[PDB]
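No hydrogens, no waters, no symmetry mates; every other heavy atom, side chains included, goes into these values. Lettering of chains follows the sequences in order, A, B, ..., and the numbering in each one begins at 1.
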Amino acid sequence: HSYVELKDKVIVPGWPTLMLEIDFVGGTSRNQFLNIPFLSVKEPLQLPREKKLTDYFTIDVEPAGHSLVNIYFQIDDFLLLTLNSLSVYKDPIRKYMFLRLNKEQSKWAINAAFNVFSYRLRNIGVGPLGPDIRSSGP
Amino acid sequence: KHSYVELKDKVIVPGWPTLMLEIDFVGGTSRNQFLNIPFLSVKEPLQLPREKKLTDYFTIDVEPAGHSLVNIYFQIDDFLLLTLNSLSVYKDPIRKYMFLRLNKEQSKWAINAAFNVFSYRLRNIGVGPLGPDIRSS
Amino acid sequence: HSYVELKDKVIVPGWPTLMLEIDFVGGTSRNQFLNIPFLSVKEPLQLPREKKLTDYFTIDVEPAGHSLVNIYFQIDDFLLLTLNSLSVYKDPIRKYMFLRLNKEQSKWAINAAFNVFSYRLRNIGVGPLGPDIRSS
Amino acid sequence: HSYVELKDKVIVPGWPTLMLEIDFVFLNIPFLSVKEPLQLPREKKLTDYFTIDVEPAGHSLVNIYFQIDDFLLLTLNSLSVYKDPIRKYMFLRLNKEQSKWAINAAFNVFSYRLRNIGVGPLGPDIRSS
Amino acid sequence: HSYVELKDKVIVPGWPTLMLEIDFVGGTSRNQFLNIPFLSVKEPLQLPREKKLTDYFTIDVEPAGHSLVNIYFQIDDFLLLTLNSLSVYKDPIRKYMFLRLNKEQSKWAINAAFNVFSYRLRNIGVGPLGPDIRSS
Amino acid sequence: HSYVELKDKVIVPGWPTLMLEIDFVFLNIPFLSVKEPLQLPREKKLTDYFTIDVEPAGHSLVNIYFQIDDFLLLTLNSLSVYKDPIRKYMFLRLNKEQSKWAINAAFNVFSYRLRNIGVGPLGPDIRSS
Amino acid sequence: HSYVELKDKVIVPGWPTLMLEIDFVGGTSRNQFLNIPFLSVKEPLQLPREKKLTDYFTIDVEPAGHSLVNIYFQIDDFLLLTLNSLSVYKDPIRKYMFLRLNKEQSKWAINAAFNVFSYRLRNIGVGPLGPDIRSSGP
Amino acid sequence: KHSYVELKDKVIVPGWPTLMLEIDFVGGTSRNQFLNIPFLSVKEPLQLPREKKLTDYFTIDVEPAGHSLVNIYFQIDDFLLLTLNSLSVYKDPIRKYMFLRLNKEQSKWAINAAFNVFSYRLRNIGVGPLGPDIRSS
Amino acid sequence: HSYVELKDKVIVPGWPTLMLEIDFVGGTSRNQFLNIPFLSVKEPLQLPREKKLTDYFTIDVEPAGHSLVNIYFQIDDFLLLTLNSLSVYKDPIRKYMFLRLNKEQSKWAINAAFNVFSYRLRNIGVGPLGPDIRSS
Amino acid sequence: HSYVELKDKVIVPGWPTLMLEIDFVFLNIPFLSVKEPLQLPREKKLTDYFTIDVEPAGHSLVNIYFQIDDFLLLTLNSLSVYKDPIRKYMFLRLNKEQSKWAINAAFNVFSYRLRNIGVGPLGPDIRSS
Amino acid sequence: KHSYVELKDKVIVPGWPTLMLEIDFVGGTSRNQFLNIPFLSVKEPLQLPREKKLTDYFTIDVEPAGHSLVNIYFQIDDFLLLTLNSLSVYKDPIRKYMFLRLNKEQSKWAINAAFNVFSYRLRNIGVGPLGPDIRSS
Amino acid sequence: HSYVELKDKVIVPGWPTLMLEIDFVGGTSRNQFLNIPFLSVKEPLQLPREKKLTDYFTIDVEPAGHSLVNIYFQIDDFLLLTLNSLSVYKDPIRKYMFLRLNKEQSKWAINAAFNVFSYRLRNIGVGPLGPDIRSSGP
Ligand SMILES: Nc1nc2c(ncn2[C@@H]2O[C@H](CO)[C@@H](OP(=O)(O)O)[C@H]2O)c(=O)[nH]1
Ligand SMILES: Nc1nc2c(ncn2[C@@H]2O[C@H](CO)[C@@H](OP(=O)(O)O)[C@H]2O)c(=O)[nH]1
Ligand SMILES: Nc1nc2c(ncn2[C@@H]2O[C@H](CO)[C@@H](OP(=O)(O)O)[C@H]2O)c(=O)[nH]1
Ligand SMILES: Nc1nc2c(ncn2[C@@H]2O[C@H](CO)[C@@H](OP(=O)(O)O)[C@H]2O)c(=O)[nH]1
Ligand SMILES: Nc1nc2c(ncn2[C@@H]2O[C@H](CO)[C@@H](OP(=O)(O)O)[C@H]2O)c(=O)[nH]1
Ligand SMILES: Nc1nc2c(ncn2[C@@H]2O[C@H](CO)[C@@H](OP(=O)(O)O)[C@H]2O)c(=O)[nH]1
Ligand SMILES: [Cl-]
Ligand SMILES: [Cl-]
Ligand SMILES: [Cl-]
Ligand SMILES: [Cl-]
Ligand SMILES: [Cl-]
Ligand SMILES: [Cl-]
Ligand SMILES: [Cl-]
Ligand SMILES: [Cl-]
Ligand SMILES: [Cl-]
Ligand SMILES: [Cl-]
Ligand SMILES: [Cl-]
Ligand SMILES: [Cl-]
Ligand SMILES: [Cl-]
Ligand SMILES: [Cl-]
Ligand SMILES: [Cl-]
């Protein structure tokens, strides 16, 4: 297989957001969390409270330059189905993915030597013009 | 259908007074870092009527445009649009539906605040001593 | 006249550096100074006895974008002669000039509404590969 | 001779890393992807092989120039994943914030080292796929 | 006229803060500045281009006790308008005012025989619960 | 809702302690007398449960406001010697010197923790008498 | 039993002083000693050079507030007799006592987490007006 | 029997020149921390005769008043009492036997020095620019 | 007149110290101030309200050798009276004076081409053996 | 009494050392050559025996004055290689740079200690020849 | 045989303009530390002809004189010697072959650079405000 | 035996230099090397690449004052021959030697508590007037 890029275009302004929050080992201050707008979704995600994220969603942080980091992903079939069914951009999710962070995003990941303590997905809702904005594409 | 178009950098002209967009978030992390965006260069200061308020004329909306960048979307009432276009040093740049792009660092901040806007304002900043000489040059 | 750009190329790796230290009105004690590498010079800029860079310079910060700022300057006739004779890049200095700050450096000027409290000159030396680097 | 850039493409996602860490009188910079760990002889130290010079390259950006002795160069070029990127005369670019930090320190480096960073759980799969 | 007290209640938890940074004549390099949280404001106090707080203010430290000191101030007409329009507490600012330093803060003014070297304004932001706190 | 004060009376001489320690970008504050040690689950950390906000409350004094997640609140209220003092929204007052320190740091907290402090030789006798 | 407060009023100005000096674990600089004027005495204390203070006098430092500490005491009968016989205020000493320190006094005790390294009593003499002052009560 | 009475805070009047009591201890810990006590507000500066000295007019005595607080006790000769009362902005506050209270921090310092006074003085401090306007207001 | 030497002996171990803090034009943010123990005094030098040491002093750094520098000063009449009445060493202060910097202290003045940005006065206390030491 | 200088001649090349180390609110000063290591009783600490006072002695140089309790004095005088150099009242001189450092700290010492430094490979031969 | 004689400290006269010798090394360690040596006090500024250069008039050579100290040896052309002697406040101190001694700290620096001179110059420094009053006194 | 001083006078200006470089344990920054001009030599030193310096040349750093250090030396017969034959000052080298460093030289040695990591001899060549200078003695 290969690891396919999850590109920026899966973020569609005005649609609720799925956010991947990452905390690194030795992080003390919370403004050190790496928060990544991950996917725009038609409705918020809800996983079976029984199931854990760690069993359906593996992440891995690697260096990609002198101040860049990439995030690599393993996504279980059942979550890929769920995510593909929520995603506003049409079915962008594959089993093996990655996305590139910019230099600003990468600062704390480089400092913790890519050592991850905890991660999660969080549903982030929309602002006052959200419907208008998504309705307004050219 | 209308379109959301970009208020680009060219609308800031060096030497002219500045209209500054100031946004505060609800649960923004890190202290003493503000979101101050020079918004539009103006020939004369903005002055809204005393009884009416800004949020009757001006609505904003911060959303993500990708895995790192964030845009402020906004809707501008017809009255403030005429006023702002008439004051604007750049020729009539203002439209009813727009956005401006945040930079890499500002995006990070807005993301960290979960895009959650507590308030915002528009403030007049004057010019330094060489201002007159800079615009007339 | 026109305000002509003092561009990045007048900083040449391996030569001592002329630097502009700026303090903005407001902010916090925690705030570092804004420190702008300004000109690569043959040798340290020495001012006449009892003088300061404020005595030959006049600066004015103006926005140039949604997160960008330029610094505009007016440079006195004698300092103009001085900096043109120390400059590594051939005679880059004019009386009316500006330089463009990046989106990091502008952050500090914008939150102070462009208002400078003070500035002064600093001279910076070169490390152990300096001459080697400029030769290459 | 000329100081050639050690470009970002010497970093290969999936393989272990050499982190350049620098204390100005602090920054971490991934430096080189390697096939095996670096470990100098017991009775030498990095500064026997490696000189660092931090230098301004514009009105905001800063480069780190460095000179690599021949023994460290043949060693690093053998361990490197990317094929023989290392030369005697080189530089690398710091970002907007690293630069500022460097400027604030008047470019004075107090110390520096090279540290082996192992890889994540998908590491071997990323590079092998 | 009378010197009216700018009391503690004009600092309101959860709002940005206006601060007065004072340097006293004498003392030591080790001495921290005297930093007095002065006014809670809607937004940061921005001064007109090229101006400083010294240009609108006049301060005078006098003892008020065996280990107590007050700061007296005379506030210029335009800054008076400005601070009364940013104030969170409703219009607390008068032209002639004083504030009472505590027995810790007075220690620093008394050992300098009340003599100020300089002062300037600082603006301080709010943490992650700021708006939450002011709402409650 | 309202931020209620965590008063001094939650400190009971004789019983072990929870020390709030805070590093501004340093102060120790006895925080809560507890019957048994606090120890969070292995895979969480304090800042998952606990937000701190330092704020000026006059011309000299400073308070620390904080928000406590429900799990940490039920946990702390069970261990507490004083009966259920802990709420979701609270503050505590710093002294004249702590305040100054806080002001000098522009109220910026770099880190904070909660540490178990055992008791002295008369500890059990003090509380039991 | 209970632990009885040794109140300020046992300090009678103009009379020599008994001082309790406390040093904490990890104290480096001597201006970190906690010195407490403990009792006013008619004459200086002198314990049998044979006997140790630690056998007749136990101390214990506890928290009492967010920046307050209290000192708790166990006083052997023989020292209580001795102290009661020296004390200017009439017989204030009991077997189980405590006194409250203010916030200023408590700073280094809070920093060492109440961990005591060493303590002692010291006789502190009087100034030039001492007799006049003690003679002058209203 | 006489009594030792308190020289209270009210005898310091803002806007008037200050008579400052300065005490040095023998083995005081911590450097650059002085014991400077503003002592009495005066209409005109104090000036003792050149030949005579302060310790012929003024005697001080630092003692503890409890487990934390410390008082400076003092005895003031009849000549300096007349002089000080005549100079005092507050109406005749000075008596022959007095004390003033030290604060929590100063007590700690005096305790740490074992109350052991090396020397002391009385020094005139002037007024700032608003002084005149503050007392006549 | 002549510039008379303020010699080392006017610093007397065990007494508070009067110090001159100097900032030179140029250099680096990293540069410590040049701090010269200047006079041992009975008590702290207190200046009149609103005044600074620059208001009574005039200084001029000149070289005295291949790595040596002296500081020359002109001292105003009232400050002359003040420092002569606080001096521990009997009346050492004249209107025109100089003091000799050592090869370490001159290093800092020479690299700035003798050019001072500012100076101010500092007062330094004494440790726990101070009076003991001066008595001995 | 008088504060007498602890001169350089109390340092005897070849014999182990007592290093005076001082942290201003950092300097190492060889202090005394000793025949055997110093080790205080378990329940005491240096500052019980030893007071330090840093003081300016000219327009550039600084001395460290110190007072040595009688027990530490008899102990140090027995271990000393040079014969009984130690008195109750003493001082030592700092160099041009140590001084500057001391001045920069407003002479404020945060801590100080005495550390045993063993000897080199020729140590015993140097002193015995 | 000629001799290399010392340019001693006496040739620097306080109150007069300074001729400063500035030396840069090739691989000198430590940043922002320069080798600036005040070289000779002069009545008027030095000004070499525009076409000719310093290294045609002036040659320097840094060597060790022992286990710690280092001397700068130099050779001075006949033209610059006449010029420098005529400008020199001190009476004719310059000869064709000389040296000056470096101090303990400067020696260390020169040693660390392996004595390896990259370039050097002579620069005029003026006088402070009391200059006139200092030399005429 | 005794340890004989290797005095400054063995440095003869204008003649190439032999330099003893010393690095101390815990030295991080290279401007912390102690470099000592050791001997002036008629030609550069060249030891049999087979042989090590450590077998022919032992060094030892000792304290000699509150800010002074001395370096003590053991020099094998074969290197003494070699050094004596190179040395410009006539035959100054003995088996047991020492030299005194000044206070400036001693700073980093005192900081590392005299603990040596590595040392070596390095040949340092001469400047543009070197021959003239050595020819010019009075
Ligand atoms: N995404 C977004 N949310 C905003 C904005 N302004 C206020 N908010 C609030 O922040 C929340 C998302 O972080 C939204 O509430 P809701 O998501 O709970 O409906 C929304 O009401 C904005 O400009 N963008
Ligand atoms: N590079 C990398 N390391 C990780 C990640 N998550 C956890 N780690 C841990 O951090 C270490 C690298 O800093 C690895 O251990 P290892 O180096 O002992 O193999 C690994 O266990 C990740 O996403 N990327
Ligand atoms: N709280 C307290 N602890 C003390 C005191 N004296 C010594 N200690 C020691 O300090 C520790 C608390 O900081 C205790 O150990 P423990 O916590 O392992 O029981 C105790 O042994 C004291 O007076 N009070
Ligand atoms: N208690 C006290 N002692 C003083 C004072 N001034 C000087 N001293 C000296 O300090 C000592 C007590 O610390 C006293 O000596 P004595 O106690 O040895 O008799 C006393 O002489 C003072 O004001 N109060
Ligand atoms: N004093 C000294 N110690 C050295 C030297 N070289 C190495 N050392 C080591 O440093 C230590 C002293 O700091 C010694 O160990 P030791 O103290 O355990 O005997 C010794 O092994 C030297 O030249 N002088
Ligand atoms: N010793 C010395 N070397 C110098 C000087 N100026 C330049 N150099 C160069 O430094 C080198 C010695 O460190 C010399 O080259 P070389 O020794 O390779 O011949 C020499 O050319 C100087 O003034 N003294
Ligand atoms: Cl995609
Ligand atoms: Cl667009
Ligand atoms: Cl544009
Ligand atoms: Cl360019
Ligand atoms: Cl300047
Ligand atoms: Cl109030
Ligand atoms: Cl200001
Ligand atoms: Cl009682
Ligand atoms: Cl009373
Ligand atoms: Cl009162
Ligand atoms: Cl002298
Ligand atoms: Cl001043
Ligand atoms: Cl000579
Ligand atoms: Cl001379
Ligand atoms: Cl010899």
Write out all pairs satisfying salt bridge (charged side-chain N to carboxylate O under 4.0 Å, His left out) with one or both partners inside residues 32-52 of chain A, taking only residues at least two apart or from two chains.
-> none
For A:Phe57, check ring pair (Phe, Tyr, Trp, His ring centres under 6.0 Å) against everything at least two apart and list the hits.
-> A:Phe38, A:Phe73
For B:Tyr4, which residues count as a ring pair (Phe, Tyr, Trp, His ring centres under 6.0 Å) partner, sequence neighbours excluded?
-> B:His2, B:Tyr73, B:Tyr97
Sequence-distant partners of [X], side chain to side chain donor-acceptor pair (under 3.5 Å), two or more places apart:
X        : result
B:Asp61  : none
C:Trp108 : C:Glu104
A:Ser67  : none
C:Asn111 : B:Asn36

Quick check for you: to the nearest 0.5 Å, what is the distance between [X] atom [atom1] and [Y] atom [atom2]?
X       : Y        : atom1 : atom2 : result
F:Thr47 : F:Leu40  : OG1   : CG    : 10.0 Å
B:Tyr57 : B:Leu80  : OH    : CG    : 8.5 Å
D:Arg93 : D:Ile29  : CZ    : CD1   : 13.0 Å
B:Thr29 : A:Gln32  : OG1   : CD    : 10.0 Å
D:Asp84 : D:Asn77  : CG    : CG    : 4.5 Å
A:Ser29 : F:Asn108 : OG    : CG    : 9.5 Å

Would you indicate whether the side-chain heavy atoms of [Y] and [X] approach each other to under 4.5 Å?
X        : Y        : value
D:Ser80  : D:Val10  : no
B:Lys104 : A:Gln105 : no
A:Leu101 : A:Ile71  : yes
A:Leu80  : A:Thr82  : no
D:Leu20  : D:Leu92  : yes
A:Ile110 : D:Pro30  : yes
B:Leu40  : B:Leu84  : yes
A:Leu121 : A:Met19  : no

With [X], which residues qualify under side chain to side chain contact (heavy atoms under 4.5 Å, CB included), at least two apart?
X        : result
D:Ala57  : C:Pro13, D:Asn63
C:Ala109 : C:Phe24, C:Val61, C:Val69
F:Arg113 : F:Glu21, F:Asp23, F:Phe26, F:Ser111

Do any N or O atoms from the side chain of [X] and from the backbone of [Y] form a donor-acceptor pair under 3.5 angstrom?
X        : Y        : answer
B:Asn32  : E:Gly125 : yes
A:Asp8   : B:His67  : yes
A:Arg94  : A:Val4   : no
D:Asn116 : D:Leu38  : yes
D:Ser99  : D:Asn95  : yes

Please set out all donor-acceptor pairs under 3.5 angstrom arising from side-chain atoms of residues 120-129 of chain D, sequence neighbours excluded.
{"residue": "D:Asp125", "atom": "OD2", "partner": "A:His1", "partner atom": "NE2", "Å": "3.0"}
{"residue": "D:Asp125", "atom": "OD2", "partner": "A:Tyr3", "partner atom": "OH", "Å": "3.0"}
{"residue": "D:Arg127", "atom": "NE", "partner": "D:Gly14", "partner atom": "O", "Å": "2.7"}
{"residue": "D:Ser128", "atom": "OG", "partner": "D:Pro124", "partner atom": "O", "Å": "2.6"}
{"residue": "D:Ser128", "atom": "OG", "partner": "D:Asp125", "partner atom": "O", "Å": "3.3"}
{"residue": "D:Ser129", "atom": "OG", "partner": "D:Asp125", "partner atom": "O", "Å": "3.2"}
{"residue": "D:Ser129", "atom": "OG", "partner": "D:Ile126", "partner atom": "O", "Å": "3.1"}

Looking just at side-chain N and O atoms, do A:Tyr89 and A:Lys9 make a donor-acceptor pair shorter than 3.5 Å?
-> no
Dump the intermediate steps for side chain to side chain contact (heavy atoms under 4.5 Å, CB included) on D:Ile86 and D:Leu6, then the final yes or no.
-> CA-CA 7 Å; D:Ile86 295 220; D:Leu6 186 80; 4.2 Å; yes
Work out which heavy atom in B:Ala114 is nearest to a heavy atom in A:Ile124; give both atom names and the distance.
-> O-CG2, 3.8 Å
What is the minimum heavy-atom distance between D:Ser33 and D:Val12, and which atoms define it?
-> OG-N, 2.7 Å
If you draw a 6.0 Å radius around NZ in A:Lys95, do more than 12 non-hydrogen atoms from other residues or ligands fall strictly inside?
-> yes
Please, which pairs that meet ring pair (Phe, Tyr, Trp, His ring centres under 6.0 Å) have at least one residue in residues 111-131 of chain A, sequence neighbours excluded?
-> none
